[PDB]
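Quick setup: one chain, the form deposited in one PDB entry, written in structure tokens, and binding and motion questions come after.
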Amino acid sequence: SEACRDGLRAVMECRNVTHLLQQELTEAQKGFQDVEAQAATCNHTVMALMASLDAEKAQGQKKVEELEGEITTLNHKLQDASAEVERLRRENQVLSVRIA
């Protein structure tokens, strides 16, 4: 009767509606996937940063070591120079007296 058309359309509509539910589910699926993509990038960026850090510290440490080597080399050469001056000053004193 007239009831049947109504029942029918109701069904038609549940039918139309679930199509929408399916489109939307597909969007939700994309969401999870893009989320996974972004996770992976960030995740890997973190690892890249930790790596630069460890590198930077290794370089820092090494350069400081390198410069510290030079410093003690120079300190040592300074002390030798400074000794030679002390020696010469004395000798020099002695000689000037010897003249007087």
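Shifts are known only where both forms have a C-alpha. Sequential numbering from 1, following the sequence displayed. So that the term is clear: the rigid core is the largest set of C-alpha atoms that superpose within 1.5 Å between two forms.
This next part talks about the form deposited in another entry, which is not shown.
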- Query: With the core lined up, does the C-alpha of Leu49 move 2 Å or more between the shown form and the other one?
  - Reply: yes
- Task: Using a superposition on the rigid core, decide whether the Cα position of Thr73 changes by 2 angstroms or more between the shown form and the other one.
- Result: no
- Query: Are there runs of at least three residues between the shown form and the other one whose C-alphas all move 2 Å or more relative to the rigid core, and where are they?
  - Reply: 35 to 62
